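K.L.:
Coordinates in run.cif, mmCIF, C-alpha atoms, are listed below.
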data_start
#
loop_
_atom_site.group_PDB
_atom_site.id
_atom_site.type_symbol
_atom_site.label_atom_id
_atom_site.label_comp_id
_atom_site.auth_asym_id
_atom_site.auth_seq_id
_atom_site.Cartn_x
_atom_site.Cartn_y
_atom_site.Cartn_z
ATOM 1 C CA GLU A 11 -11.290 27.666 -4.785
ATOM 2 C CA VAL A 12 -8.146 26.296 -3.142
ATOM 3 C CA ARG A 13 -8.444 22.554 -3.848
ATOM 4 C CA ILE A 14 -7.308 20.315 -0.974
ATOM 5 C CA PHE A 15 -7.645 17.219 -3.119
ATOM 6 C CA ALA A 16 -5.211 18.264 -5.819
ATOM 7 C CA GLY A 17 -6.293 15.116 -7.621
ATOM 8 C CA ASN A 18 -9.148 13.376 -9.417
ATOM 9 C CA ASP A 19 -8.689 9.842 -8.053
ATOM 10 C CA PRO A 20 -11.501 9.369 -5.497
ATOM 11 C CA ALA A 21 -10.537 9.785 -1.872
ATOM 12 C CA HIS A 22 -11.713 7.042 0.485
ATOM 13 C CA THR A 23 -11.584 6.885 4.280
ATOM 14 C CA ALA A 24 -11.005 4.187 6.894
ATOM 15 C CA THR A 25 -11.040 3.799 10.648
ATOM 16 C CA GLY A 26 -8.331 2.361 12.864
ATOM 17 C CA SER A 27 -6.956 2.189 16.403
ATOM 18 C CA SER A 28 -5.323 5.471 17.359
ATOM 19 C CA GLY A 29 -2.198 5.592 19.491
ATOM 20 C CA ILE A 30 -2.065 9.387 19.541
ATOM 21 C CA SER A 31 -2.254 10.942 23.019
ATOM 22 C CA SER A 32 -2.410 14.662 22.278
ATOM 23 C CA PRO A 33 -4.562 17.145 20.352
ATOM 24 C CA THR A 34 -3.785 16.449 16.694
ATOM 25 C CA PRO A 35 -5.182 18.546 13.810
ATOM 26 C CA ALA A 36 -6.879 17.133 10.726
ATOM 27 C CA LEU A 37 -4.846 16.547 7.531
ATOM 28 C CA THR A 38 -1.931 15.153 9.514
ATOM 29 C CA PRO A 39 0.208 12.285 8.097
ATOM 30 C CA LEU A 40 -0.139 9.017 10.028
ATOM 31 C CA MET A 41 2.190 6.031 10.453
ATOM 32 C CA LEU A 42 1.918 2.720 12.306
ATOM 33 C CA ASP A 43 3.545 2.382 15.736
ATOM 34 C CA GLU A 44 6.017 -0.491 15.519
ATOM 35 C CA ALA A 45 5.429 -1.607 19.112
ATOM 36 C CA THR A 46 1.667 -1.298 19.484
ATOM 37 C CA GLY A 47 0.284 -1.448 15.963
ATOM 38 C CA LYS A 48 -1.751 1.678 16.641
ATOM 39 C CA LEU A 49 -1.829 4.637 14.266
ATOM 40 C CA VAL A 50 0.153 7.686 15.410
ATOM 41 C CA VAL A 51 1.560 10.813 13.775
ATOM 42 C CA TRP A 52 4.085 10.202 10.996
ATOM 43 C CA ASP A 53 7.573 11.047 12.302
ATOM 44 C CA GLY A 54 9.117 11.797 8.904
ATOM 45 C CA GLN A 55 11.982 9.349 9.517
ATOM 46 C CA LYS A 56 11.154 7.076 6.572
ATOM 47 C CA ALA A 57 9.722 7.511 3.104
ATOM 48 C CA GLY A 58 6.680 5.316 2.529
ATOM 49 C CA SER A 59 5.851 4.866 6.224
ATOM 50 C CA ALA A 60 2.926 7.314 6.067
ATOM 51 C CA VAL A 61 -0.146 5.079 5.696
ATOM 52 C CA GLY A 62 -2.842 7.717 6.099
ATOM 53 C CA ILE A 63 -4.008 11.304 6.575
ATOM 54 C CA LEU A 64 -6.181 12.278 9.551
ATOM 55 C CA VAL A 65 -9.676 13.241 8.388
ATOM 56 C CA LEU A 66 -10.986 14.745 11.648
ATOM 57 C CA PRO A 67 -9.062 16.357 14.557
ATOM 58 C CA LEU A 68 -8.287 14.250 17.633
ATOM 59 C CA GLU A 69 -8.560 15.368 21.251
ATOM 60 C CA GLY A 70 -5.804 12.954 22.204
ATOM 61 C CA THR A 71 -8.059 10.621 24.171
ATOM 62 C CA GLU A 72 -9.696 8.693 21.305
ATOM 63 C CA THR A 73 -9.143 4.939 20.971
ATOM 64 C CA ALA A 74 -9.882 5.184 17.243
ATOM 65 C CA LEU A 75 -9.451 7.694 14.414
ATOM 66 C CA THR A 76 -10.569 8.242 10.820
ATOM 67 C CA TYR A 77 -8.155 8.581 7.931
ATOM 68 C CA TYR A 78 -8.088 8.921 4.172
ATOM 69 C CA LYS A 79 -6.586 5.761 2.665
ATOM 70 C CA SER A 80 -6.543 6.893 -0.981
ATOM 71 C CA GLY A 81 -6.605 10.027 -3.130
ATOM 72 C CA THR A 82 -4.235 12.774 -4.287
ATOM 73 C CA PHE A 83 -3.715 15.606 -1.789
ATOM 74 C CA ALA A 84 -2.391 19.154 -1.917
ATOM 75 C CA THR A 85 1.029 19.203 -0.257
ATOM 76 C CA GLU A 86 0.090 22.572 1.279
ATOM 77 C CA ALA A 87 -3.013 21.352 3.127
ATOM 78 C CA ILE A 88 -1.113 18.569 4.896
ATOM 79 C CA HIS A 89 0.476 19.235 8.293
ATOM 80 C CA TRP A 90 4.058 18.017 7.977
ATOM 81 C CA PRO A 91 6.524 17.496 10.832
ATOM 82 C CA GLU A 92 8.994 20.273 11.649
ATOM 83 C CA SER A 93 11.986 20.256 9.323
ATOM 84 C CA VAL A 94 11.207 16.963 7.613
ATOM 85 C CA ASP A 95 13.552 15.681 4.887
ATOM 86 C CA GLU A 96 12.167 16.898 1.558
ATOM 87 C CA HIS A 97 12.708 13.558 -0.167
ATOM 88 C CA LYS A 98 11.031 11.550 2.583
ATOM 89 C CA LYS A 99 8.276 14.174 2.501
ATOM 90 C CA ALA A 100 7.798 13.807 -1.252
ATOM 91 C CA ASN A 101 7.604 10.026 -1.018
ATOM 92 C CA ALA A 102 5.969 9.858 2.413
ATOM 93 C CA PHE A 103 2.985 7.876 1.036
ATOM 94 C CA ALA A 104 4.812 5.809 -1.611
ATOM 95 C CA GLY A 105 3.508 2.249 -1.511
ATOM 96 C CA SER A 106 -0.003 3.172 -0.421
ATOM 97 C CA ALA A 107 -2.956 4.428 -2.420
ATOM 98 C CA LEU A 108 -2.169 7.979 -1.250
ATOM 99 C CA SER A 109 -0.031 10.619 -2.929
ATOM 100 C CA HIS A 110 0.331 14.383 -2.803
ATOM 101 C CA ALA A 111 1.348 17.132 -5.208
ATOM 102 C CA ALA A 112 1.559 20.935 -5.245
ATOM 103 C CA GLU B 11 -28.829 -8.647 3.127
ATOM 104 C CA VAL B 12 -25.668 -9.041 5.203
ATOM 105 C CA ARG B 13 -23.149 -6.967 3.219
ATOM 106 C CA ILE B 14 -19.644 -8.469 3.068
ATOM 107 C CA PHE B 15 -18.273 -5.361 1.406
ATOM 108 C CA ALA B 16 -19.204 -2.925 4.145
ATOM 109 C CA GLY B 17 -17.969 -0.235 1.787
ATOM 110 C CA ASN B 18 -18.616 1.585 -1.480
ATOM 111 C CA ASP B 19 -15.037 1.842 -2.776
ATOM 112 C CA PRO B 20 -14.784 -0.757 -5.578
ATOM 113 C CA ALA B 21 -13.125 -4.022 -4.668
ATOM 114 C CA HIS B 22 -10.455 -5.256 -7.077
ATOM 115 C CA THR B 23 -8.634 -8.591 -7.179
ATOM 116 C CA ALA B 24 -5.122 -9.772 -8.026
ATOM 117 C CA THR B 25 -3.208 -13.006 -8.380
ATOM 118 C CA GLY B 26 0.065 -13.963 -6.742
ATOM 119 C CA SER B 27 2.329 -16.847 -5.741
ATOM 120 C CA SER B 28 0.863 -18.735 -2.801
ATOM 121 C CA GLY B 29 3.051 -20.166 -0.064
ATOM 122 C CA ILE B 30 0.134 -21.698 1.824
ATOM 123 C CA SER B 31 0.328 -25.484 2.252
ATOM 124 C CA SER B 32 -2.998 -26.324 3.880
ATOM 125 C CA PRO B 33 -6.728 -25.949 3.211
ATOM 126 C CA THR B 34 -7.421 -22.241 3.710
ATOM 127 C CA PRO B 35 -10.932 -20.719 3.564
ATOM 128 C CA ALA B 36 -11.888 -17.670 1.521
ATOM 129 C CA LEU B 37 -11.921 -14.207 3.163
ATOM 130 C CA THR B 38 -8.692 -14.938 5.012
ATOM 131 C CA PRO B 39 -6.108 -12.150 5.616
ATOM 132 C CA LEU B 40 -2.846 -12.649 3.711
ATOM 133 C CA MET B 41 0.711 -11.442 4.358
ATOM 134 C CA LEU B 42 4.007 -11.840 2.502
ATOM 135 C CA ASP B 43 6.466 -14.516 3.651
ATOM 136 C CA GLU B 44 9.717 -12.751 4.501
ATOM 137 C CA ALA B 45 11.895 -15.645 3.326
ATOM 138 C CA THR B 46 10.172 -16.750 0.133
ATOM 139 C CA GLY B 47 8.166 -13.756 -1.027
ATOM 140 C CA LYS B 48 5.105 -15.962 -1.390
ATOM 141 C CA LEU B 49 1.708 -15.014 0.013
ATOM 142 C CA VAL B 50 0.659 -16.918 3.144
ATOM 143 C CA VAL B 51 -1.903 -16.448 5.910
ATOM 144 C CA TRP B 52 -1.521 -13.266 7.960
ATOM 145 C CA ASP B 53 -0.104 -14.179 11.387
ATOM 146 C CA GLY B 54 -1.492 -11.150 13.228
ATOM 147 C CA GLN B 55 1.954 -10.235 14.593
ATOM 148 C CA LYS B 56 2.115 -6.818 12.911
ATOM 149 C CA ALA B 57 -0.350 -4.113 11.979
ATOM 150 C CA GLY B 58 -0.192 -3.245 8.288
ATOM 151 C CA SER B 59 1.398 -6.538 7.207
ATOM 152 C CA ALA B 60 -1.876 -7.874 5.772
ATOM 153 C CA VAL B 61 -1.612 -7.179 2.029
ATOM 154 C CA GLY B 62 -4.695 -9.057 0.863
ATOM 155 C CA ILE B 63 -7.829 -11.114 1.491
ATOM 156 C CA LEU B 64 -8.259 -14.558 -0.085
ATOM 157 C CA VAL B 65 -11.045 -14.494 -2.680
ATOM 158 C CA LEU B 66 -11.395 -18.257 -3.257
ATOM 159 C CA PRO B 67 -10.571 -21.188 -0.914
ATOM 160 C CA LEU B 68 -7.242 -22.987 -1.329
ATOM 161 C CA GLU B 69 -6.679 -26.739 -1.185
ATOM 162 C CA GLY B 70 -3.161 -26.162 0.087
ATOM 163 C CA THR B 71 -1.451 -27.393 -3.069
ATOM 164 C CA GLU B 72 -1.881 -24.325 -5.308
ATOM 165 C CA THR B 73 1.180 -22.435 -6.559
ATOM 166 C CA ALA B 74 -0.948 -19.300 -6.958
ATOM 167 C CA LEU B 75 -3.964 -17.677 -5.299
ATOM 168 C CA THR B 76 -6.437 -14.849 -5.895
ATOM 169 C CA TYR B 77 -6.901 -11.965 -3.495
ATOM 170 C CA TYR B 78 -8.764 -8.703 -3.136
ATOM 171 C CA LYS B 79 -6.266 -5.828 -3.228
ATOM 172 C CA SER B 80 -8.716 -2.986 -2.524
ATOM 173 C CA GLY B 81 -12.147 -2.308 -1.034
ATOM 174 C CA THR B 82 -13.783 -1.952 2.386
ATOM 175 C CA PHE B 83 -14.712 -5.241 4.074
ATOM 176 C CA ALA B 84 -16.992 -6.310 6.905
ATOM 177 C CA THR B 85 -14.823 -7.237 9.888
ATOM 178 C CA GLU B 86 -17.227 -10.124 10.574
ATOM 179 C CA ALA B 87 -16.819 -11.837 7.193
ATOM 180 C CA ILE B 88 -13.029 -11.996 7.505
ATOM 181 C CA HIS B 89 -11.393 -15.048 9.092
ATOM 182 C CA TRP B 90 -9.007 -13.662 11.699
ATOM 183 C CA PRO B 91 -6.287 -15.603 13.527
ATOM 184 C CA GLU B 92 -7.050 -17.019 16.975
ATOM 185 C CA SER B 93 -6.738 -14.401 19.698
ATOM 186 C CA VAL B 94 -5.217 -11.684 17.536
ATOM 187 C CA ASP B 95 -4.361 -8.314 19.111
ATOM 188 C CA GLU B 96 -7.364 -6.037 18.582
ATOM 189 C CA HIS B 97 -5.237 -3.060 17.565
ATOM 190 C CA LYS B 98 -3.194 -5.027 15.042
ATOM 191 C CA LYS B 99 -6.502 -6.472 13.837
ATOM 192 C CA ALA B 100 -8.043 -3.027 13.384
ATOM 193 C CA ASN B 101 -5.040 -1.765 11.438
ATOM 194 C CA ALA B 102 -4.138 -5.072 9.786
ATOM 195 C CA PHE B 103 -4.469 -3.555 6.276
ATOM 196 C CA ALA B 104 -3.185 -0.032 7.024
ATOM 197 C CA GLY B 105 -0.899 1.071 4.206
ATOM 198 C CA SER B 106 -2.687 -0.884 1.495
ATOM 199 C CA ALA B 107 -5.830 -0.091 -0.452
ATOM 200 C CA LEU B 108 -7.785 -2.424 1.857
ATOM 201 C CA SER B 109 -9.662 -1.594 5.043
ATOM 202 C CA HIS B 110 -12.422 -3.144 7.115
ATOM 203 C CA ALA B 111 -15.188 -1.896 9.388
ATOM 204 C CA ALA B 112 -18.115 -3.341 11.352
ATOM 205 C CA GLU C 11 -4.386 -4.338 -29.625
ATOM 206 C CA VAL C 12 -1.801 -5.508 -27.095
ATOM 207 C CA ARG C 13 -3.198 -4.112 -23.825
ATOM 208 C CA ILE C 14 -0.549 -2.775 -21.425
ATOM 209 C CA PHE C 15 -3.124 -2.278 -18.700
ATOM 210 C CA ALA C 16 -4.269 -5.877 -18.488
ATOM 211 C CA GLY C 17 -6.874 -4.610 -16.052
ATOM 212 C CA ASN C 18 -10.004 -2.503 -15.651
ATOM 213 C CA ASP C 19 -9.208 -0.821 -12.319
ATOM 214 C CA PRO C 20 -8.257 2.781 -13.204
ATOM 215 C CA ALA C 21 -4.562 3.547 -13.299
ATOM 216 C CA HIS C 22 -3.465 6.668 -11.425
ATOM 217 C CA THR C 23 -0.083 8.402 -11.370
ATOM 218 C CA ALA C 24 2.014 10.240 -8.788
ATOM 219 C CA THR C 25 5.249 12.176 -8.595
ATOM 220 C CA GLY C 26 8.139 11.645 -6.212
ATOM 221 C CA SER C 27 11.835 12.281 -5.596
ATOM 222 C CA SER C 28 13.957 10.131 -7.883
ATOM 223 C CA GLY C 29 17.223 8.612 -6.722
ATOM 224 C CA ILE C 30 17.978 7.019 -10.085
ATOM 225 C CA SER C 31 21.236 8.173 -11.699
ATOM 226 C CA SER C 32 21.153 6.469 -15.090
ATOM 227 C CA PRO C 33 18.942 6.280 -18.185
ATOM 228 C CA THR C 34 15.928 4.235 -17.084
ATOM 229 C CA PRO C 35 13.133 3.156 -19.469
ATOM 230 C CA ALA C 36 9.426 3.618 -18.813
ATOM 231 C CA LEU C 37 7.388 0.754 -17.286
ATOM 232 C CA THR C 38 10.171 -0.066 -14.845
ATOM 233 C CA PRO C 39 9.358 -1.275 -11.283
ATOM 234 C CA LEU C 40 10.349 1.202 -8.562
ATOM 235 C CA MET C 41 11.226 0.751 -4.881
ATOM 236 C CA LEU C 42 12.175 3.149 -2.085
ATOM 237 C CA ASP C 43 15.856 3.602 -1.206
ATOM 238 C CA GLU C 44 16.247 2.693 2.458
ATOM 239 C CA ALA C 45 18.973 5.279 3.075
ATOM 240 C CA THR C 46 17.715 8.300 1.157
ATOM 241 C CA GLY C 47 13.976 7.807 0.827
ATOM 242 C CA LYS C 48 14.226 8.485 -2.894
ATOM 243 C CA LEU C 49 12.604 6.259 -5.505
ATOM 244 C CA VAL C 50 15.002 4.016 -7.438
ATOM 245 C CA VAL C 51 14.710 0.896 -9.587
ATOM 246 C CA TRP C 52 13.250 -2.152 -7.840
ATOM 247 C CA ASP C 53 16.070 -4.633 -7.143
ATOM 248 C CA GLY C 54 13.869 -7.737 -7.024
ATOM 249 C CA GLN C 55 15.238 -8.738 -3.604
ATOM 250 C CA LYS C 56 11.884 -8.555 -1.803
ATOM 251 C CA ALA C 57 8.272 -9.217 -2.682
ATOM 252 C CA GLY C 58 6.060 -6.210 -1.998
ATOM 253 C CA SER C 59 8.885 -3.650 -2.090
ATOM 254 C CA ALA C 60 7.893 -2.389 -5.553
ATOM 255 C CA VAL C 61 5.842 0.752 -4.854
ATOM 256 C CA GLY C 62 5.477 2.019 -8.410
ATOM 257 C CA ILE C 63 6.007 1.734 -12.164
ATOM 258 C CA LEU C 64 7.857 4.451 -14.093
ATOM 259 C CA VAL C 65 5.471 6.284 -16.427
ATOM 260 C CA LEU C 66 8.040 8.242 -18.471
ATOM 261 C CA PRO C 67 11.725 7.439 -19.201
ATOM 262 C CA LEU C 68 14.417 9.103 -17.084
ATOM 263 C CA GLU C 69 17.687 10.564 -18.346
ATOM 264 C CA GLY C 70 19.315 9.793 -15.015
ATOM 265 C CA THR C 71 19.668 13.422 -13.962
ATOM 266 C CA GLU C 72 16.091 14.143 -12.825
ATOM 267 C CA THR C 73 15.391 15.045 -9.190
ATOM 268 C CA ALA C 74 11.818 13.790 -9.591
ATOM 269 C CA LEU C 75 9.939 11.130 -11.559
ATOM 270 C CA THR C 76 6.371 10.115 -12.401
ATOM 271 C CA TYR C 77 4.928 6.725 -11.554
ATOM 272 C CA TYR C 78 1.696 4.781 -11.690
ATOM 273 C CA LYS C 79 0.475 4.149 -8.137
ATOM 274 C CA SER C 80 -2.532 1.962 -9.001
ATOM 275 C CA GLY C 81 -3.918 -0.241 -11.770
ATOM 276 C CA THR C 82 -3.435 -3.746 -13.178
ATOM 277 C CA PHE C 83 -0.514 -4.117 -15.598
ATOM 278 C CA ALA C 84 0.561 -6.635 -18.218
ATOM 279 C CA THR C 85 3.526 -8.580 -16.847
ATOM 280 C CA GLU C 86 5.054 -8.462 -20.346
ATOM 281 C CA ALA C 87 5.123 -4.664 -20.658
ATOM 282 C CA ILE C 88 7.035 -4.229 -17.396
ATOM 283 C CA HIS C 89 10.844 -4.162 -17.436
ATOM 284 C CA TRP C 90 11.916 -6.652 -14.779
ATOM 285 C CA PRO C 91 15.424 -7.059 -13.351
ATOM 286 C CA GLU C 92 17.700 -9.733 -14.817
ATOM 287 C CA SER C 93 16.945 -13.175 -13.421
ATOM 288 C CA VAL C 94 14.528 -12.047 -10.726
ATOM 289 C CA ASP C 95 12.922 -14.660 -8.455
ATOM 290 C CA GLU C 96 9.587 -15.607 -10.025
ATOM 291 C CA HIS C 97 7.724 -15.510 -6.717
ATOM 292 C CA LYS C 98 9.077 -12.102 -5.736
ATOM 293 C CA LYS C 99 8.255 -11.010 -9.288
ATOM 294 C CA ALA C 100 4.669 -12.240 -9.023
ATOM 295 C CA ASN C 101 4.140 -10.471 -5.708
ATOM 296 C CA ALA C 102 6.430 -7.511 -6.393
ATOM 297 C CA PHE C 103 3.571 -5.010 -5.845
ATOM 298 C CA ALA C 104 1.673 -6.865 -3.093
ATOM 299 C CA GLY C 105 0.580 -4.371 -0.453
ATOM 300 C CA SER C 106 0.173 -1.458 -2.843
ATOM 301 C CA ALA C 107 -2.665 -0.561 -5.176
ATOM 302 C CA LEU C 108 -0.677 -2.049 -8.079
ATOM 303 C CA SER C 109 -0.774 -5.573 -9.470
ATOM 304 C CA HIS C 110 0.143 -7.298 -12.710
ATOM 305 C CA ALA C 111 -1.065 -10.319 -14.656
ATOM 306 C CA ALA C 112 -0.352 -12.017 -17.991
#
Re-express the file's structure as structure tokens.
P.N.:
Amino acid sequence: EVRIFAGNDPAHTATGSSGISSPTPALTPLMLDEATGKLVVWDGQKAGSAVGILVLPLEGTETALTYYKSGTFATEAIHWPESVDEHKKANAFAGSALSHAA
Amino acid sequence: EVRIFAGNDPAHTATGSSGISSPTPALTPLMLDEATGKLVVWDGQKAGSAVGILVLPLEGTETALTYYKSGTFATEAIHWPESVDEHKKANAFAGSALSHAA
Amino acid sequence: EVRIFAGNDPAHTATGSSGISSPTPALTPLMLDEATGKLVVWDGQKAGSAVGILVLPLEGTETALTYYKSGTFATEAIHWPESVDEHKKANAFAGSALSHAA
């Protein structure tokens, strides 16, 4: 059984305005869009800017999305951005209730 | 029974330095004051800048306040700022352990 | 029994890239390094920038560290920076799942 919640701390979900405009798979790191305040895919440019993980896939036309706001996740189940800094990747969720480990 | 904790995830409280100088009702979104570091009413200008919800009303002369730091709240019980952007309102707590839904 | 977890809300830990290059004791407030994205000692310059508390001491040569990401801690057990603003100290963890009280 390949655990996707490589942690015991209960995972909880939340809903929020989505600013994503393209098919996005589940288990994708999310960040807040500085200009609109909507949740979009985490760009990997800053550690701690990832405020959530997509729970269900998005078609790209949804006005809202569902995300995990807490819990410990398996690094391998998460869909990271191409060639993301390893340090920013390790601390992507630092500051929130989310974390991830091997 | 009109639930005010439209969620199951346990709500927890915390205390912190208040920078509010006016009667403020309970269930009000709080943000950190950039200049002083004290907690004041959330201005609705940025998504994810709301770090807490006032638990008890403030006279406006308190040096400290009590706030919920986690849990899922009913959008309707929270006292939002006049004409706040709906997207910033939906994701006001994104990044923290707090969230809110209908 | 001098409680170090002056709270009931379960404490949880996480791992992350450390940017600390000197012996650092356990129970030390951590912040994210703007330039590298690595976790380093909280400088006390901003309220809410403390994203964690060191769980185990660091020699100063580790590439990773372990930190508590949630829970309520005793202000007295935490190792604060010399002459840190009291307001920024009180709200050092505001926004995260962490808090601290007497």
K.L.:
I'd like the neighbourhood of residue A:90 as a VMD selection string, where a residue qualifies if any of its atoms comes within 10 Å (using only C-alpha atoms), though same-chain residues fewer than 5 positions away should be ignored.
P.N.:
chain A and resid 37 to 39 51 to 54 85 99
K.L.:
For C-alpha atoms, I'd like the residues from the last selection saved as a JSON list (two decimals), in the coordinates of the input.
P.N.:
[["chain", "number", "residue", "atom", "x", "y", "z"],
["A", 37, "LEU", "CA", -4.85, 16.55, 7.53],
["A", 38, "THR", "CA", -1.93, 15.15, 9.51],
["A", 39, "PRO", "CA", 0.21, 12.28, 8.10],
["A", 51, "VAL", "CA", 1.56, 10.81, 13.78],
["A", 52, "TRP", "CA", 4.08, 10.20, 11.00],
["A", 53, "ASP", "CA", 7.57, 11.05, 12.30],
["A", 54, "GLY", "CA", 9.12, 11.80, 8.90],
["A", 85, "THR", "CA", 1.03, 19.20, -0.26],
["A", 99, "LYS", "CA", 8.28, 14.17, 2.50]]
K.L.:
Between B:80, B:27, B:34, B:71, single out the one closest to residue C:102, counting all atoms listed in the file.
P.N.:
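Going through B:80, B:27, B:34, B:71 one by one, the smallest distance to residue C:102 is for B:27.
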K.L.:
I'm after chain A in the frame of chain C: fit it by least squares over all Cα atoms matched in order, and give me the output as a compact mmCIF listing (two decimals) with C-alpha atoms, in the coordinates of the input.
P.N.:
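Below you can see superposed_2.txt, which holds the result:
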# COMPACT_ATOMS: atom_id res chain seq x y z
CA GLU A 11 -4.39 -4.34 -29.63
CA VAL A 12 -1.80 -5.51 -27.09
CA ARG A 13 -3.20 -4.11 -23.83
CA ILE A 14 -0.55 -2.78 -21.42
CA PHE A 15 -3.12 -2.28 -18.70
CA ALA A 16 -4.27 -5.88 -18.49
CA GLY A 17 -6.87 -4.61 -16.05
CA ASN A 18 -10.00 -2.50 -15.65
CA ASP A 19 -9.21 -0.82 -12.32
CA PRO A 20 -8.26 2.78 -13.20
CA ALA A 21 -4.56 3.55 -13.30
CA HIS A 22 -3.46 6.67 -11.42
CA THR A 23 -0.08 8.40 -11.37
CA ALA A 24 2.01 10.24 -8.79
CA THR A 25 5.25 12.18 -8.59
CA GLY A 26 8.14 11.64 -6.21
CA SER A 27 11.84 12.28 -5.60
CA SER A 28 13.96 10.13 -7.88
CA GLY A 29 17.22 8.61 -6.72
CA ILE A 30 17.98 7.02 -10.09
CA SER A 31 21.24 8.17 -11.70
CA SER A 32 21.15 6.47 -15.09
CA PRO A 33 18.94 6.28 -18.19
CA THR A 34 15.93 4.23 -17.08
CA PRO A 35 13.13 3.16 -19.47
CA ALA A 36 9.43 3.62 -18.81
CA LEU A 37 7.39 0.75 -17.29
CA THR A 38 10.17 -0.07 -14.85
CA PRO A 39 9.36 -1.27 -11.28
CA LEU A 40 10.35 1.20 -8.56
CA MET A 41 11.23 0.75 -4.88
CA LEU A 42 12.17 3.15 -2.08
CA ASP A 43 15.86 3.60 -1.21
CA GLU A 44 16.25 2.69 2.46
CA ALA A 45 18.97 5.28 3.08
CA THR A 46 17.72 8.30 1.16
CA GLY A 47 13.98 7.81 0.83
CA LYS A 48 14.23 8.49 -2.89
CA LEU A 49 12.60 6.26 -5.51
CA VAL A 50 15.00 4.02 -7.44
CA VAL A 51 14.71 0.90 -9.59
CA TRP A 52 13.25 -2.15 -7.84
CA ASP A 53 16.07 -4.63 -7.14
CA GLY A 54 13.87 -7.74 -7.02
CA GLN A 55 15.24 -8.74 -3.60
CA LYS A 56 11.88 -8.55 -1.80
CA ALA A 57 8.27 -9.22 -2.68
CA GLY A 58 6.06 -6.21 -2.00
CA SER A 59 8.89 -3.65 -2.09
CA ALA A 60 7.89 -2.39 -5.55
CA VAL A 61 5.84 0.75 -4.85
CA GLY A 62 5.48 2.02 -8.41
CA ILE A 63 6.01 1.73 -12.16
CA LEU A 64 7.86 4.45 -14.09
CA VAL A 65 5.47 6.28 -16.43
CA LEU A 66 8.04 8.24 -18.47
CA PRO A 67 11.73 7.44 -19.20
CA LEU A 68 14.42 9.10 -17.08
CA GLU A 69 17.69 10.56 -18.35
CA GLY A 70 19.32 9.79 -15.02
CA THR A 71 19.67 13.42 -13.96
CA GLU A 72 16.09 14.14 -12.82
CA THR A 73 15.39 15.05 -9.19
CA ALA A 74 11.82 13.79 -9.59
CA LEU A 75 9.94 11.13 -11.56
CA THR A 76 6.37 10.12 -12.40
CA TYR A 77 4.93 6.73 -11.55
CA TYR A 78 1.70 4.78 -11.69
CA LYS A 79 0.47 4.15 -8.14
CA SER A 80 -2.53 1.96 -9.00
CA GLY A 81 -3.92 -0.24 -11.77
CA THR A 82 -3.43 -3.75 -13.18
CA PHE A 83 -0.51 -4.12 -15.60
CA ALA A 84 0.56 -6.64 -18.22
CA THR A 85 3.53 -8.58 -16.85
CA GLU A 86 5.05 -8.46 -20.35
CA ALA A 87 5.12 -4.66 -20.66
CA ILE A 88 7.04 -4.23 -17.40
CA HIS A 89 10.84 -4.16 -17.44
CA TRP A 90 11.92 -6.65 -14.78
CA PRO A 91 15.42 -7.06 -13.35
CA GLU A 92 17.70 -9.73 -14.82
CA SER A 93 16.95 -13.17 -13.42
CA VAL A 94 14.53 -12.05 -10.73
CA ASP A 95 12.92 -14.66 -8.46
CA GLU A 96 9.59 -15.61 -10.03
CA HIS A 97 7.72 -15.51 -6.72
CA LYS A 98 9.08 -12.10 -5.74
CA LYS A 99 8.26 -11.01 -9.29
CA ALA A 100 4.67 -12.24 -9.02
CA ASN A 101 4.14 -10.47 -5.71
CA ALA A 102 6.43 -7.51 -6.39
CA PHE A 103 3.57 -5.01 -5.84
CA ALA A 104 1.67 -6.87 -3.09
CA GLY A 105 0.58 -4.37 -0.45
CA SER A 106 0.17 -1.46 -2.84
CA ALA A 107 -2.66 -0.56 -5.18
CA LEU A 108 -0.68 -2.05 -8.08
CA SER A 109 -0.77 -5.57 -9.47
CA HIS A 110 0.14 -7.30 -12.71
CA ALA A 111 -1.07 -10.32 -14.66
CA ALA A 112 -0.35 -12.02 -17.99
K.L.:
Give as a ChimeraX atom specification every residue, naming chains and numbers as the document does, that has an atom within 7 Å of (3.8, 7.1, -15.0), counting all atoms listed in the file.
P.N.:
/C:23,63-66,76-78
K.L.:
For C-alpha atoms, I'd like the residues from the last selection saved as a PDB file, keeping the file's coordinate frame.
P.N.:
ATOM      1  CA  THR C  23      -0.083   8.402 -11.370  1.00  0.00           C
ATOM      2  CA  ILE C  63       6.007   1.734 -12.164  1.00  0.00           C
ATOM      3  CA  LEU C  64       7.857   4.451 -14.093  1.00  0.00           C
ATOM      4  CA  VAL C  65       5.471   6.284 -16.427  1.00  0.00           C
ATOM      5  CA  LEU C  66       8.040   8.242 -18.471  1.00  0.00           C
ATOM      6  CA  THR C  76       6.371  10.115 -12.401  1.00  0.00           C
ATOM      7  CA  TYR C  77       4.928   6.725 -11.554  1.00  0.00           C
ATOM      8  CA  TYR C  78       1.696   4.781 -11.690  1.00  0.00           C
TER       9      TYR C  78
END
K.L.:
Quick one: residues within 10 Å of residue C:41, all atoms listed in the file, excluding same-chain residues fewer than 5 positions away - as a list in words?
P.N.:
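These residues fall inside the cut-off: residues 58, 104 and 105 of chain A; 47, 48, 49, 50, 51, 52, 53, 54, 56, 58, 59, 60, 61, 62, 63, 102 and 103 of chain C.
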K.L.:
Which residues match the PyMOL selection byres ((chain A) within 10 of (chain C)) in the file above, as a list in words?
P.N.:
residues 17, 18, 19, 55, 56, 57, 58, 80, 81, 82, 95, 96, 97, 98, 99, 100, 101, 102, 103, 104, 105, 106, 107, 108, 109, 110 and 111 of chain A
K.L.:
What separation in Å, quoted to one decimal, exists between atom CA of residue A:32 and atom CA of residue A:14?
P.N.:
24.4 Å
K.L.:
So what do you get for atom CA of residue A:68 versus atom CA of residue A:89, distance-wise?
P.N.:
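A separation of 13.7 Å between them.
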